[PDB]
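**Q** Data: input_24.txt, compact mmCIF, C-alpha atoms and all ligand atoms.
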```txt
# COMPACT_ATOMS: atom_id res chain seq x y z
CA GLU V 87 -48.77 90.86 146.27
CA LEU V 88 -49.70 89.05 143.00
CA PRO V 89 -48.36 90.14 139.63
CA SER V 90 -50.83 92.28 137.68
CA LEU V 91 -52.21 90.92 134.38
CA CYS V 92 -53.52 92.68 131.27
CA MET V 93 -55.05 91.38 128.07
CA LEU V 94 -54.71 93.57 124.99
CA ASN V 95 -56.33 91.11 122.57
CA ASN V 96 -56.31 87.35 121.98
CA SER V 97 -52.59 87.20 121.12
CA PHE V 98 -51.10 90.02 123.28
CA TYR V 99 -50.97 90.06 127.07
CA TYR V 100 -48.84 91.73 129.71
CA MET V 101 -47.70 90.98 133.25
CA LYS V 102 -46.35 93.46 135.77
CA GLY V 103 -44.27 92.04 138.62
CA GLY V 104 -42.88 94.81 140.78
CA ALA V 105 -41.10 97.27 138.51
CA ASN V 106 -40.82 94.76 135.66
CA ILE V 107 -43.29 94.39 132.81
CA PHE V 108 -43.41 91.42 130.45
CA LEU V 109 -44.91 91.04 126.96
CA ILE V 110 -46.68 87.68 126.65
CA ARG V 111 -47.73 86.53 123.18
CA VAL V 112 -49.52 83.49 121.82
CA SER V 113 -48.18 82.63 118.40
CA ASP V 114 -47.48 79.95 115.82
CA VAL V 115 -43.79 80.73 115.19
CA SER V 116 -40.70 80.09 117.29
CA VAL V 117 -37.06 80.88 116.56
CA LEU V 118 -35.83 78.94 119.59
CA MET V 119 -34.31 75.45 119.27
CA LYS V 120 -33.78 72.72 121.87
CA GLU V 121 -30.08 71.88 122.36
CA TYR V 122 -29.13 75.32 120.98
CA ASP V 123 -31.04 77.63 123.34
CA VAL V 124 -31.38 77.18 127.11
CA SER V 125 -33.62 74.45 128.63
CA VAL V 126 -35.22 75.70 131.86
CA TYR V 127 -35.23 72.54 133.99
CA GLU V 128 -35.60 74.14 137.44
CA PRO V 129 -36.94 77.50 138.57
CA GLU V 130 -33.49 78.91 139.24
CA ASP V 131 -32.48 78.23 135.59
CA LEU V 132 -34.65 81.26 134.81
CA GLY V 133 -31.60 83.26 135.95
CA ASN V 134 -29.96 82.24 132.64
CA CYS V 135 -32.95 83.68 130.69
CA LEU V 136 -33.18 87.16 132.26
CA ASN V 137 -30.56 89.87 133.01
CA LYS V 138 -32.49 91.28 135.99
CA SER V 139 -32.42 89.20 139.23
CA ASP V 140 -35.83 90.54 140.34
CA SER V 141 -37.59 89.16 137.23
CA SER V 142 -37.28 85.44 137.94
CA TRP V 143 -39.96 85.28 140.65
CA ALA V 144 -42.65 86.76 138.34
CA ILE V 145 -41.93 84.39 135.48
CA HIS V 146 -41.96 81.54 137.98
CA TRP V 147 -45.28 82.77 139.41
CA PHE V 148 -46.77 82.85 135.89
CA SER V 149 -45.48 79.32 135.11
CA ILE V 150 -47.17 77.95 138.26
CA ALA V 151 -50.38 79.86 137.48
CA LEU V 152 -50.50 78.29 133.99
CA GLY V 153 -50.14 74.78 135.47
CA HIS V 154 -46.48 74.03 134.64
CA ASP V 155 -45.10 71.13 136.69
CA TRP V 156 -41.40 71.88 137.14
CA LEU V 157 -40.50 68.31 138.07
CA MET V 158 -42.35 66.45 135.30
CA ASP V 159 -43.34 68.72 132.41
CA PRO V 160 -41.35 69.67 129.30
CA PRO V 161 -38.79 72.32 130.21
CA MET V 162 -39.42 75.86 128.94
CA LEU V 163 -36.88 77.06 126.35
CA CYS V 164 -35.28 80.45 126.58
CA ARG V 165 -32.71 82.61 124.90
CA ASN V 166 -29.53 82.86 126.93
CA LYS V 167 -29.27 86.22 128.72
CA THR V 168 -25.76 86.66 127.21
CA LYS V 169 -27.46 87.37 123.83
CA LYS V 170 -28.04 91.07 123.17
CA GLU V 171 -31.15 90.33 121.09
CA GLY V 172 -33.07 89.95 124.36
CA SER V 173 -35.19 87.65 126.52
CA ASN V 174 -37.44 85.12 124.90
CA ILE V 175 -38.93 82.49 127.26
CA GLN V 176 -41.22 79.94 125.60
CA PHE V 177 -43.88 77.31 126.50
CA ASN V 178 -44.58 74.89 123.64
CA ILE V 179 -48.35 74.35 123.56
CA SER V 180 -48.56 72.73 120.11
CA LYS V 181 -51.55 70.48 119.32
CA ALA V 182 -49.26 67.65 118.29
CA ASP V 183 -48.97 64.31 120.01
CA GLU V 184 -45.72 64.95 121.97
CA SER V 185 -46.92 68.26 123.52
CA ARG V 186 -50.69 67.64 123.27
CA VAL V 187 -51.57 67.05 126.95
CA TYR V 188 -49.20 69.73 128.19
CA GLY V 189 -50.53 72.30 125.72
CA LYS V 190 -54.11 71.60 126.76
CA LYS V 191 -53.13 72.20 130.41
CA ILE V 192 -51.30 75.42 129.64
CA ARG V 193 -54.21 76.77 127.52
CA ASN V 194 -56.53 75.95 130.45
CA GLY V 195 -54.17 78.02 132.62
CA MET V 196 -54.26 80.90 130.11
CA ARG V 197 -58.12 80.66 130.15
CA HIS V 198 -58.12 80.83 133.97
CA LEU V 199 -55.81 83.87 134.07
CA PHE V 200 -57.46 85.65 131.09
CA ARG V 201 -61.16 84.64 130.78
CA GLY V 202 -61.39 86.23 127.31
CA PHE V 203 -58.60 84.01 125.90
CA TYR V 204 -59.79 81.71 123.08
CA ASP V 205 -57.77 78.81 121.57
CA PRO V 206 -55.88 79.90 118.43
CA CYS V 207 -53.71 76.75 118.17
CA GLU V 208 -54.23 74.66 115.04
CA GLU V 209 -54.32 70.88 114.98
CA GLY V 210 -51.02 69.31 113.96
CA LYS V 211 -49.23 72.68 113.85
CA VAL V 212 -46.93 74.49 116.27
CA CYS V 213 -48.19 76.94 118.90
CA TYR V 214 -46.36 78.86 121.64
CA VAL V 215 -46.67 81.19 124.58
CA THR V 216 -43.63 83.52 124.39
CA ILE V 217 -42.48 86.06 126.98
CA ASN V 218 -40.17 89.04 126.37
CA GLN V 219 -39.23 91.44 129.12
CA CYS V 220 -40.15 95.01 128.40
CA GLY V 221 -37.00 97.05 127.90
CA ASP V 222 -35.15 94.25 126.12
CA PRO V 223 -34.79 94.64 122.36
CA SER V 224 -36.92 91.52 121.98
CA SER V 225 -39.99 93.54 123.12
CA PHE V 226 -39.63 95.82 120.04
CA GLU V 227 -42.19 98.68 120.24
CA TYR V 228 -44.77 96.75 122.23
CA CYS V 229 -44.03 98.08 125.69
CA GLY V 230 -44.39 101.70 124.55
CA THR V 231 -46.96 103.88 126.28
CA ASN V 232 -49.38 103.58 123.34
CA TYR V 233 -49.70 99.86 124.25
CA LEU V 234 -49.36 99.88 128.05
CA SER V 235 -51.90 102.71 128.54
CA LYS V 236 -54.51 100.10 127.58
CA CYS V 237 -53.55 98.16 130.75
CA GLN V 238 -54.47 99.09 134.35
CA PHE V 239 -50.87 99.40 135.56
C1 LIG W 301 -42.89 72.31 119.82
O1 LIG W 301 -43.50 71.03 119.80
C2 LIG W 301 -43.75 70.54 118.49
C3 LIG W 301 -44.57 69.25 118.67
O2 LIG W 301 -43.86 68.27 119.41
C4 LIG W 301 -42.42 70.33 117.78
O3 LIG W 301 -42.65 69.93 116.42
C5 LIG W 301 -42.37 68.53 116.23
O4 LIG W 301 -40.97 68.26 116.27
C6 LIG W 301 -40.67 66.88 116.11
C7 LIG W 301 -39.20 66.65 116.44
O5 LIG W 301 -38.39 67.30 115.48
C8 LIG W 301 -41.06 66.45 114.69
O6 LIG W 301 -40.68 65.09 114.43
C9 LIG W 301 -42.56 66.66 114.53
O7 LIG W 301 -42.98 66.42 113.21
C10 LIG W 301 -42.95 68.10 114.88
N1 LIG W 301 -44.40 68.28 114.83
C11 LIG W 301 -44.97 69.36 114.29
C12 LIG W 301 -46.47 69.43 114.31
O8 LIG W 301 -44.35 70.31 113.81
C13 LIG W 301 -41.63 71.63 117.73
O9 LIG W 301 -40.32 71.38 117.27
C14 LIG W 301 -41.52 72.25 119.13
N2 LIG W 301 -40.87 73.56 119.08
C15 LIG W 301 -39.66 73.84 119.60
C16 LIG W 301 -39.19 75.26 119.46
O10 LIG W 301 -38.97 72.99 120.15
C1 LIG W 302 -53.06 92.27 119.07
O1 LIG W 302 -52.43 93.52 118.93
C2 LIG W 302 -51.16 93.43 118.31
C3 LIG W 302 -50.44 94.77 118.37
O2 LIG W 302 -51.25 95.73 117.74
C4 LIG W 302 -51.36 92.96 116.88
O3 LIG W 302 -50.12 92.94 116.22
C5 LIG W 302 -51.98 91.56 116.88
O4 LIG W 302 -52.21 91.10 115.56
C6 LIG W 302 -53.28 91.59 117.71
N1 LIG W 302 -53.85 90.24 117.84
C7 LIG W 302 -55.08 89.92 117.42
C8 LIG W 302 -55.54 88.50 117.65
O5 LIG W 302 -55.84 90.75 116.87
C1 LIG W 303 -24.96 81.23 128.12
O1 LIG W 303 -23.95 81.68 127.21
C2 LIG W 303 -22.63 81.76 127.72
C3 LIG W 303 -21.69 82.28 126.64
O2 LIG W 303 -22.22 83.47 126.08
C4 LIG W 303 -22.19 80.38 128.19
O3 LIG W 303 -20.90 80.47 128.77
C5 LIG W 303 -23.19 79.81 129.20
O4 LIG W 303 -22.86 78.47 129.52
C6 LIG W 303 -24.59 79.84 128.60
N1 LIG W 303 -25.54 79.41 129.61
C7 LIG W 303 -26.38 78.41 129.39
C8 LIG W 303 -27.30 78.04 130.53
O5 LIG W 303 -26.41 77.79 128.32
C1 LIG W 304 -27.14 90.86 129.60
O1 LIG W 304 -25.94 91.34 130.19
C2 LIG W 304 -24.78 90.78 129.60
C3 LIG W 304 -23.54 91.20 130.40
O2 LIG W 304 -23.61 92.57 130.76
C4 LIG W 304 -24.70 91.17 128.12
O3 LIG W 304 -23.69 90.42 127.46
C5 LIG W 304 -26.02 90.94 127.37
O4 LIG W 304 -26.01 91.67 126.17
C6 LIG W 304 -27.24 91.39 128.18
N1 LIG W 304 -28.48 90.95 127.52
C7 LIG W 304 -29.57 91.71 127.37
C8 LIG W 304 -30.74 91.08 126.66
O5 LIG W 304 -29.69 92.87 127.77
```
As a first step, turn the structure in this file into structure tokens.

**A**
Amino acid sequence: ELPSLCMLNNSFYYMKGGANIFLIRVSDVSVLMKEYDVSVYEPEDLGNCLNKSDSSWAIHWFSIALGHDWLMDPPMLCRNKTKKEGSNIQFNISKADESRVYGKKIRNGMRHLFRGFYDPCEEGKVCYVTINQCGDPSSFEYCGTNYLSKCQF
């Protein structure tokens, strides 16, 4: 009934929600841009981030699990599903004054979902949690069997 979660290492994680699998990475680089890419204001805006209808519930579940407040928190950014390059849904957790409180909350959520998670975000620098759906070109090689066989799925 809940999505299944896997931790590969401190930067690479996976979620399985029904038939869909998602690559979740913690990193210090983003190629998304507010007012160019899509701002995810409400849960149903996730439909503009993902080509599969049955994927939105799982991403929403994960957002709630991390502590995202849909009404009040900074909107997630995502790449529009009309782009062939593939899904890229992003939480900005930077240790910088504008996103500081939010990032702390989201890292606490990561810690609660993956007890082995340690904080890799540097003070005054950018830091992100980024999700790509397996099977989109934006997942590159990382949903191959040589990766996923390390997860329980
Ligand atoms: C993620 O959040 C960080 C922190 O708010 C953003 O970086 C800041 O952007 C503002 C607005 O342009 C700058 O004035 C600050 O100097 C930046 N701070 C740092 C530490 O870089 C960053 O742009 C956000 N990322 C995305 C993709 O929107
Ligand atoms: C986790 O594994 C990926 C894929 O092999 C690798 O690229 C990445 O650097 C690893 N992360 C850490 C923190 O070792
Ligand atoms: C996504 O891109 C299409 C064009 O490719 C555009 O018509 C649509 O408004 C975009 N959606 C969002 C939410 O920006
Ligand atoms: C999503 O589907 C639309 C329409 O079929 C297409 O333009 C786009 O390339 C697809 N995106 C991905 C990431 O598969």

**Q** Pick out the closest residue to residue 188 in chain V from this set: V:154, V:111, V:138, V:236. Count all atoms listed in the file.

**A**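 Once distances to residue 188 in chain V are computed over all atoms listed in the file, the minimum belongs to V:154.
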
**Q** Could you list, as a ChimeraX atom specification, all protein and nucleic acid residues with an atom at most 6 Å from ligand LIG 303 (chain W), counting all atoms listed in the file?

**A** /V:124,134,166,168

**Q** Tell me, as a ChimeraX atom specification, which residues lie within 12 Å of residue 203 in chain V, counting only C-alpha atoms; anything in the same chain fewer than 4 positions away does not count.

**A** /V:92-99,111-112,192-199,207

**Q** Between V:88, V:179, V:135, V:126, which one has atoms that come closest to ligand LIG 301 (chain W), using all atoms listed in the file?

**A**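 Closest to ligand LIG 301 (chain W) of all the choices is V:179.
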
**Q** Measuring atom to atom with all atoms listed in the file, identify which of V:102, V:186, V:120, V:167 is nearest to ligand LIG 304 (chain W).

**A** V:167

**Q** Padding 6 Å on each side, edges along x, y and z: where is the centre of the box around the listed atoms of range 134-139 of chain V, and how long are its edges in Å to one decimal? Output it as lines of an AutoDock Vina configuration file.

**A**
```
center_x = -31.6
center_y = 86.8
center_z = 135.0
size_x = 15.2
size_y = 21.0
size_z = 20.5
```

**Q** Produce as a VMD selection string the set of residues near ligand LIG 301 (chain W), where near means within 12 Å with all atoms listed in the file considered.

**A** chain V and resid 113 to 125 160 to 165 174 to 189 207 to 216

**Q** Based on the selection just made, write C-alpha atoms of those residues as a short mmCIF file (atom, residue, chain, number, x, y, z; two decimals), keeping the file's coordinate frame.

**A**
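Dumped everything to out05.cif:
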```
data_model
loop_
_atom_site.label_atom_id
_atom_site.label_comp_id
_atom_site.auth_asym_id
_atom_site.auth_seq_id
_atom_site.Cartn_x
_atom_site.Cartn_y
_atom_site.Cartn_z
CA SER V 113 -48.18 82.63 118.40
CA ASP V 114 -47.48 79.95 115.82
CA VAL V 115 -43.79 80.73 115.19
CA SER V 116 -40.70 80.09 117.29
CA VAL V 117 -37.06 80.88 116.56
CA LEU V 118 -35.83 78.94 119.59
CA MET V 119 -34.31 75.45 119.27
CA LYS V 120 -33.78 72.72 121.87
CA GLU V 121 -30.08 71.88 122.36
CA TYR V 122 -29.13 75.32 120.98
CA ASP V 123 -31.04 77.63 123.34
CA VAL V 124 -31.38 77.18 127.11
CA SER V 125 -33.62 74.45 128.63
CA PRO V 160 -41.35 69.67 129.30
CA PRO V 161 -38.79 72.32 130.21
CA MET V 162 -39.42 75.86 128.94
CA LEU V 163 -36.88 77.06 126.35
CA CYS V 164 -35.28 80.45 126.58
CA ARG V 165 -32.71 82.61 124.90
CA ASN V 174 -37.44 85.12 124.90
CA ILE V 175 -38.93 82.49 127.26
CA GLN V 176 -41.22 79.94 125.60
CA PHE V 177 -43.88 77.31 126.50
CA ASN V 178 -44.58 74.89 123.64
CA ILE V 179 -48.35 74.35 123.56
CA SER V 180 -48.56 72.73 120.11
CA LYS V 181 -51.55 70.48 119.32
CA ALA V 182 -49.26 67.65 118.29
CA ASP V 183 -48.97 64.31 120.01
CA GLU V 184 -45.72 64.95 121.97
CA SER V 185 -46.92 68.26 123.52
CA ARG V 186 -50.69 67.64 123.27
CA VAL V 187 -51.57 67.05 126.95
CA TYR V 188 -49.20 69.73 128.19
CA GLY V 189 -50.53 72.30 125.72
CA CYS V 207 -53.71 76.75 118.17
CA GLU V 208 -54.23 74.66 115.04
CA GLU V 209 -54.32 70.88 114.98
CA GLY V 210 -51.02 69.31 113.96
CA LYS V 211 -49.23 72.68 113.85
CA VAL V 212 -46.93 74.49 116.27
CA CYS V 213 -48.19 76.94 118.90
CA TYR V 214 -46.36 78.86 121.64
CA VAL V 215 -46.67 81.19 124.58
CA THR V 216 -43.63 83.52 124.39
#
```

**Q** Could I get range 103-124 of chain V rebuilt with N, CA and C atoms, written as a short mmCIF file (atom, residue, chain, number, x, y, z; two decimals), in the coordinates of the input?

**A**
```cif
data_model
loop_
_atom_site.label_atom_id
_atom_site.label_comp_id
_atom_site.auth_asym_id
_atom_site.auth_seq_id
_atom_site.Cartn_x
_atom_site.Cartn_y
_atom_site.Cartn_z
N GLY V 103 -44.76 92.63 137.37
CA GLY V 103 -44.27 92.04 138.62
C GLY V 103 -43.27 93.01 139.21
N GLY V 104 -43.68 93.71 140.27
CA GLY V 104 -42.88 94.81 140.78
C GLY V 104 -42.68 95.90 139.74
N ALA V 105 -41.43 96.23 139.47
CA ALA V 105 -41.10 97.27 138.51
C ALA V 105 -40.99 96.72 137.10
N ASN V 106 -40.98 95.40 136.98
CA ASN V 106 -40.82 94.76 135.66
C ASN V 106 -42.14 94.47 134.97
N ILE V 107 -42.14 94.66 133.65
CA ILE V 107 -43.29 94.39 132.81
C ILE V 107 -42.83 93.43 131.73
N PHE V 108 -43.69 92.46 131.42
CA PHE V 108 -43.41 91.42 130.45
C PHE V 108 -44.49 91.37 129.38
N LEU V 109 -44.05 91.27 128.12
CA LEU V 109 -44.91 91.04 126.96
C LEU V 109 -45.08 89.54 126.80
N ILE V 110 -46.33 89.10 126.77
CA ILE V 110 -46.68 87.68 126.65
C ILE V 110 -47.51 87.53 125.38
N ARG V 111 -47.03 86.72 124.45
CA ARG V 111 -47.73 86.53 123.18
C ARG V 111 -48.02 85.07 122.91
N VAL V 112 -49.18 84.83 122.31
CA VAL V 112 -49.52 83.49 121.82
C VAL V 112 -49.32 83.52 120.33
N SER V 113 -48.50 82.60 119.82
CA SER V 113 -48.18 82.63 118.40
C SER V 113 -47.85 81.25 117.82
N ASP V 114 -47.75 81.20 116.50
CA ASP V 114 -47.48 79.95 115.82
C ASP V 114 -46.09 79.90 115.18
N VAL V 115 -45.16 80.73 115.67
CA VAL V 115 -43.79 80.73 115.19
C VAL V 115 -42.86 80.80 116.39
N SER V 116 -41.80 80.01 116.32
CA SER V 116 -40.70 80.09 117.29
C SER V 116 -39.38 80.14 116.55
N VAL V 117 -38.43 80.91 117.08
CA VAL V 117 -37.06 80.88 116.56
C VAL V 117 -36.09 80.32 117.58
N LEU V 118 -36.63 79.69 118.62
CA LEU V 118 -35.83 78.94 119.59
C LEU V 118 -35.69 77.47 119.16
N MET V 119 -34.63 76.81 119.65
CA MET V 119 -34.31 75.45 119.27
C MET V 119 -33.73 74.72 120.48
N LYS V 120 -34.32 73.57 120.81
CA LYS V 120 -33.78 72.72 121.87
C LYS V 120 -32.37 72.27 121.54
N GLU V 121 -31.51 72.21 122.55
CA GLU V 121 -30.08 71.88 122.36
C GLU V 121 -29.28 72.96 121.63
N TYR V 122 -29.89 74.12 121.34
CA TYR V 122 -29.13 75.32 120.98
C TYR V 122 -29.36 76.38 122.06
N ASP V 123 -30.64 76.67 122.31
CA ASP V 123 -31.04 77.63 123.34
C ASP V 123 -31.08 76.95 124.71
N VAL V 124 -31.48 77.68 125.74
CA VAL V 124 -31.38 77.18 127.11
C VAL V 124 -32.65 76.40 127.49
#
```
